[PDB]
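Here's a solo chain for you in structure tokens, the form deposited without guanine (GUN).
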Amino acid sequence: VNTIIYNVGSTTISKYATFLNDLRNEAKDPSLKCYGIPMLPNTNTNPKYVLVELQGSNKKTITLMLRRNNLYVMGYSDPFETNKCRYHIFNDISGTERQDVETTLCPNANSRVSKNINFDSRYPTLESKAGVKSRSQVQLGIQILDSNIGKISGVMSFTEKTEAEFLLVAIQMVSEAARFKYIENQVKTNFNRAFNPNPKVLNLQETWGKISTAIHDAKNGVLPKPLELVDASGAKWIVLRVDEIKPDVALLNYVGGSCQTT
């Protein structure tokens, strides 16, 4: 398992771009792709994970553990207390993947400590914990990310709302940005300020798997069925071809079977 180190406290749009390029290159399968868009690996391709070390201001750091197969954040770790590694596993991680989050994030069995994320990673759950009806009400931003890291990293007790806002911002600026070029570009455009994620960024996030299946299944560039999406203004956006949505996608979710690779 390799880790991508991103200095949140001191960056530029160029360093943000390099970060995402490195994360996509490490997460993606070495050869799997459809219509020239790289795809994530099959669940049993090793390594199954990739770590993202987010270095914030005031020596506050948090490491995210992501599953390569779908880029979902499985949990995170933060340097805690003396010289301990505090790992936090999502409520929706089960079986062997649970000891995996523990041993991958904190390899030293002698100094690791647990602090569960007492709720699952679904957006509606995160939005509920953050006390909002929509994550559109929670602004994203480099400085906002930095601030949320500092509210969690090394801090013994923190509220679920605090944790949820950190998770909402980090997932979207890391996982969602890696998957979608559009989302990366939204962050780059508002790099020095806070911004509310638009209807297109949220839709893309919610239709990623659908988009990925449609592209994998697309015959001669034509999507199996018209795919209804929504643009930046919130208008219904019906896509019929791969060429119409491909500019927004950086990585495709894993979809079994052969496809038009170029």
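Numbering starts at 1 and follows the sequence shown.
A second form of this protein, the form solved in complex with guanine (GUN), is not displayed here; the remarks below concern that form.
Scanning 72, 191, 119, 182 against guanine (GUN) in the deposited bound form with a 4.5 Å heavy atom cut-off leaves one residue, 72. This chain lacks the partner; the member of 146, 176, 163, 78 within 4.5 angstroms of guanine (GUN) in the deposited bound form by a non-hydrogen atom is 176. Contact between residue 90 and guanine (GUN) in the deposited bound form is found at the 4.5 Å heavy atom cutoff. Using a 4.5 angstroms limit between non-hydrogen atoms, residue 171 touches guanine (GUN) in the deposited bound form. Residues with any non-hydrogen atom within 4.5 angstroms of guanine (GUN) in the deposited bound form fall in just one of 101-109, 182-190, 121-129, 154-162: 121-129.
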